[PDB]
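S.K.: Following this: a sequence and the matching experimental structure.
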Amino acid sequence: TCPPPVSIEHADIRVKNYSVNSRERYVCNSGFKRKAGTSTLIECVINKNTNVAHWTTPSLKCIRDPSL
Amino acid sequence: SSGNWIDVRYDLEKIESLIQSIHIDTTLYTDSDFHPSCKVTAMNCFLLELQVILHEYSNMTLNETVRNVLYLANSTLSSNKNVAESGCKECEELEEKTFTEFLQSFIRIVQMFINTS
């Protein structure tokens, strides 16, 4: 299983599944928006070589909602 | 320029076919109400959002194809470049749509570019 995910600034995440192949998504906090080009996704992938799983590195960037 | 936009649209059409056999749970900023006034701004938002697909999926052909779209689209916007636009919305204030709807609008704006190329 994957360890807890890293924290992203101005975002939260509630992981439903920590098992390998699981796909979870961060959610930018109210007042903030996922920057275009960045992803809210992280997937739990296994290192077959060592049997240790880890979350893929997120590219997410939460910026101030331009409409506010 | 229209020749370049033709290749771009053919790639987008290919992606439509490709994702018929790929689970896609990505939602992206989609500007279906794009206008000539802010056409370059809108195109750049479509192009920028593609990088999201590249980050979320490892499917080889899909990756090569979306990357192929970026290379050509950026090259064209770079080569045959024009004015600078104003009074245009930021990408983050567009509504998010399923990848399928994002692609359909992407194909429509590229068609606009072809028609006025």
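M.R.: All right, it came through fine. Numbers count the residues shown, from 1 in each chain, chains lettered A, B, ... in the order given.

S.K.: Just the element for the residue most central in space within chain B, please.
M.R.: Among the residues of chain B, the one closest to the centroid is residue B:46, at 3.8 Å (CA atoms, centre = their mean). When elements are assigned from DSSP states H and E, residue B:46 belongs to helix B:39-56.

S.K.: Over to residue B:29?
M.R.: Using DSSP H and E, the element containing residue B:29 is strand B:27-30.

S.K.: which outside residues touch that strand?
M.R.: Here strand B:27-30 makes contact (CB atoms under 8 Å, 6 or more residues apart in numbering or on different chains) with A:36, B:45, B:49, B:52, B:91-92, B:94-99, B:101-102, B:105. The way it works is simple: take the backbone N, C-alpha and C, and place the C-beta from them, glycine included.

S.K.: Now list the buried members of those.
M.R.: A:36, B:45, B:49, B:52, B:91-92, B:94, B:97, B:99, B:102, B:105 (16 or more other CB atoms under 10 Å in any protein chain shown).

S.K.: Mind checking if the helix holding residue B:46 is in reach of chain A?
M.R.: Yes. Helix B:39-56 is in contact with chain A by CB under 8 Å from any CB of the partner chain, via B:45, B:48-49, B:51-52, B:55-56.

S.K.: and which of these is nearest residue A:22?
M.R.: residue B:56 (13.7 Å; CB to CB).

S.K.: tell me the phi and psi of the nearest residue to the closest one once chain neighbours are set aside?
M.R.: Distances taken as CB to CB, 6 or more residues apart in numbering or on different chains put residue A:41 closest to residue B:56, at 5.1 Å, once the chain neighbours are dropped. With angles defined as degrees, to the nearest 10, residue A:41 sits at phi -90, psi 140.

S.K.: Show me what from chain A comes close to chain B.
M.R.: Within chain A, the positions near chain B by CB under 8 Å from any CB are A:23, A:33-39, A:41, A:59, A:63, A:65-67.

S.K.: Which residue ranges of chain B form helices?
M.R.: B:2-18, B:39-56, B:60-79, B:99-115 (DSSP state H).

S.K.: Would you mind finding the most buried of those helices?
M.R.: For the helices of chain B, the largest average neighbour count (mean count of other CB atoms under 10 Å in any protein chain shown) is found in helix B:39-56, namely a mean of 21.

S.K.: Mind giving me the packing neighbours of that one?
M.R.: Contact here means 3 or more CB pairs under 8 Å, 6 or more residues apart in numbering or on different chains; DSSP states H and E; on that basis helix B:39-56 packs against strand B:27-30, helix B:60-79, helix B:99-115.

S.K.: and the angle from that helix to helix B:60-79?
M.R.: 150 degrees (axes from the mean of the first three to the mean of the last three CA atoms, to 10 degrees).

S.K.: thinking again about what came up before, if you go by neighbour count, which of the residues of chain A next to chain B are buried?
M.R.: For the residues of chain A next to chain B, buried by 16+ other CB under 10 Å: A:33-39, A:41, A:59, A:63.
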